[PDB]
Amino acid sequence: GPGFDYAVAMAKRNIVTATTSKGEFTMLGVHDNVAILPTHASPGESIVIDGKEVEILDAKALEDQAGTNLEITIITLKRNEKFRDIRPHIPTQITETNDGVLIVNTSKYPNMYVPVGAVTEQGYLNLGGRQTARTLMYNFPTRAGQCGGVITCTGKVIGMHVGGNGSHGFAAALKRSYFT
């Protein structure tokens, strides 16, 4: 109900903690039983969501038209649980903002909000030996525990944190077409 933005309402149901062999990540539910995670989280046949082991029915790694990695993996879960449909709040185009907020939800940082400032288009990035397209950057001392963090601005969900270099944080841009 109360919440400085749409973000607060969505967060309670759609932002959960996911555990794969590579550790804890923040994960974003998009609609129904469909969620997203950074491709490098590498979920196997199942994943532990908020303490509960759940089976993955499908895991689609996204790439652009040229075959470049987007670093977003869409996973379809085997579970009656249903996320709110946030798609109407995902822009149809890569989106910058002067006032972004990063939302992280892990056991080390439960339901935490952090205004990060300007979020602008970085474009191609070398993400751990792999070329990644459509990235965004923000000036925030990135560290462990933020992978999967969601990036929002007033009424919109615009990126997902996928890496960072000491002074900057990088995210994959979200676009609506990826989910329809």
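We number the residues from 1 along the sequence you see.
Checked against the record, the higher mean CA B factor of 159-167 and 21-29 lies with 159-167. The PDB entry reports B-factors from which the mean C-alpha value can be compared for 76-84 and 104-112; the larger average falls on 76-84. Comparing the C-alpha B-factors of 67, 149, 129, 43 in the entry, the top value falls on 129. When the modelled residues of the chain are ordered by their C-alpha B factor, residue 9 lands in the highest third. Per the PDB record, residue ranking by Cα B-factor puts residue 49 in the highest third of the chain. Sort the chain's modelled residues by C-alpha temperature factor and residue 39 lands in the middle third, per the entry. In the deposited entry, the Cα temperature factor of residue 144 sits in the top third of values across the chain's modelled residues.
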